[PDB]
Trainee: 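My structure is below; once you've seen it, I'll send some questions.
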Amino acid sequence: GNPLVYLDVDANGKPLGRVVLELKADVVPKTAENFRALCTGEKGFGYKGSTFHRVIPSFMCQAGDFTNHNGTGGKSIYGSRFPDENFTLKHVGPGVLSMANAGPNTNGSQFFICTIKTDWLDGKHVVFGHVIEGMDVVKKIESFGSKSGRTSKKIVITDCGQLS
Ligand SMILES: Cc1c(C(=O)Nc2ccc(N)cc2)cnc2cc(=O)[nH]n12
């Protein structure tokens, strides 16, 4: 079935717990596969050790820039960027997992977990999964954001991988 992956997240070096994400490979297989492999690190790079560098309360928590750790970087398992696979899944509410981008067809590795419905991102960001477990962790992460996105704690994906 669809991959289940996990992010174990620290804030200021103490574990918040685990976010478990279902990757909707049945809808966006290429996008799901990218994220899955970045979680396992099996291509030799990925999210382990990277940060939630942009967190906006009542919006989303964004992570995945494992190259520059600041929102300018990241890369996919396919190359630096890959196309928007489709926009079929919508930003329906908290827990939606969606690809950050810098315009059309600029998916890399950065992603965000919504903490609200973000319908204006429909058709602009490829949704590719959702939180199965650990919304409490997401809410913790969110609580360390700010309007500017700057985090008030260092939020680190200390471990990540695939559960199934
Ligand atoms: C809009 C934005 C991004 C972003 O989405 N960047 C981006 C996404 C995907 C790819 N492939 C390359 C760059 C990352 N960090 C921050 C901080 C901030 O205040 N805004 N912001």
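FYI, side chains are in, hydrogens and waters are out, and symmetry mates aren't considered; it's all heavy atoms of this structure. For this chain, numbers begin at 1 and follow the sequence in order. When a ligand or atom number is given, it counts from 1 through the structure's own listing order.
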Trainee: Taking 4.0 Å as the limit for heavy-atom contacts, which would you say applies to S109 with ligand 1: side chain only, backbone only, both, or neither?
Mentor: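 Neither part.
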Trainee: List ligand 1 atoms under 4.0 Å from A100, heavy atoms only on the residue side.
Mentor: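 That gives atoms 5 (O), 8 (C), 9 (C) of ligand 1.
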Trainee: Hey, is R18 close enough to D8 for a salt bridge, meaning N to O under 4.0 Å?
Mentor: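 Looking at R18 and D8, the cut-off is met.
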Trainee: Take the angle between the ring planes of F52 and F111 and call it parallel below 30°, perpendicular above 60°, tilted in between.
Mentor: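 The rings of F52 and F111 stand perpendicular, inter-plane angle above 60°.
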Trainee: Scan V131, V5, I132 and name whichever one has a side chain to side chain contact (heavy atoms under 4.5 Å, CB included) with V20.
Mentor: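 So, applying the side chain to side chain contact (heavy atoms under 4.5 Å, CB included) to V20 and each of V131, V5, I132, only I132 qualifies.
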Trainee: In the protein, which heavy atom is nearest to atom 9 (C) of ligand 1, and how far is it?
Mentor: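 Checked against all protein heavy atoms, atom 9 (C) of ligand 1 sits closest to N101 CA, 3.4 Å.
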Trainee: With heavy atoms of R81 as the reference, note each atom of ligand 1 found under 4.0 Å away.
Mentor: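 Counting from 1, the qualifying ligand atoms are 11 (N), 12 (C).
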Trainee: Show me which atoms of ligand 1 lie under 4.0 Å from any heavy atom of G71.
Mentor: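 Once the distances to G71 are compared, the set is 3 (C), 4 (C), 6 (N), 7 (C), 13 (C), 14 (C), 15 (N).
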Trainee: Can you sort out which atoms of ligand 1 are near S148, meaning under 4.0 Å from one of its heavy atoms?
Mentor: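 Heavy-atom distances to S148 below 4.0 Å select 19 (O).
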Trainee: At what distance is the nearest protein heavy atom to atom 4 (C) of ligand 1, and which residue and atom is it?
Mentor: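 Nearest protein contact, heavy atoms only, for atom 4 (C) of ligand 1 is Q62 NE2, 3.3 Å.
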Trainee: When you measure from atom 10 (C) of ligand 1 to every protein heavy atom, which one gives the shortest distance, and what is it?
Mentor: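 That would be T106 O, 3.7 Å.
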Trainee: So which of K75, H125, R54, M99 gets nearest to atom 16 (C) of ligand 1, if we judge by its closest heavy atom?
Mentor: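 Among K75, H125, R54, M99, the closest heavy atom to atom 16 (C) of ligand 1 belongs to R54.
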Trainee: Need the ligand 1 atom indices (1-based, order shown) with element for anything under 4.0 Å from a heavy-atom of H53.
Mentor: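 Going through ligand 1 atom by atom, the ones under 4.0 Å from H53 are 14 (C), 15 (N), 16 (C).
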Trainee: For the atom pair OG (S164) and CG (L4), what is the distance rounded to the nearest 0.5 Å?
Mentor: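 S164 atom OG to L4 atom CG measures 3.5 Å (nearest 0.5 Å).
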Trainee: Does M99 share a hydrophobic cluster with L38, counting links as ILVMFWY side-chain heavy atoms below 4.5 Å and allowing steps through other members?
Mentor: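 In one cluster with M99: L38, yes.
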Trainee: I'd like to know if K90 and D119 make a salt bridge, using a cut-off of under 4.0 Å between side-chain N and carboxylate O.
Mentor: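 Salt bridge flag = no for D119 with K90.
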Trainee: Ion pair present between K140 and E142, side-chain N to carboxylate O less than 4.0 angstrom?
Mentor: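 The answer is no: the pair does not qualify as a salt bridge.
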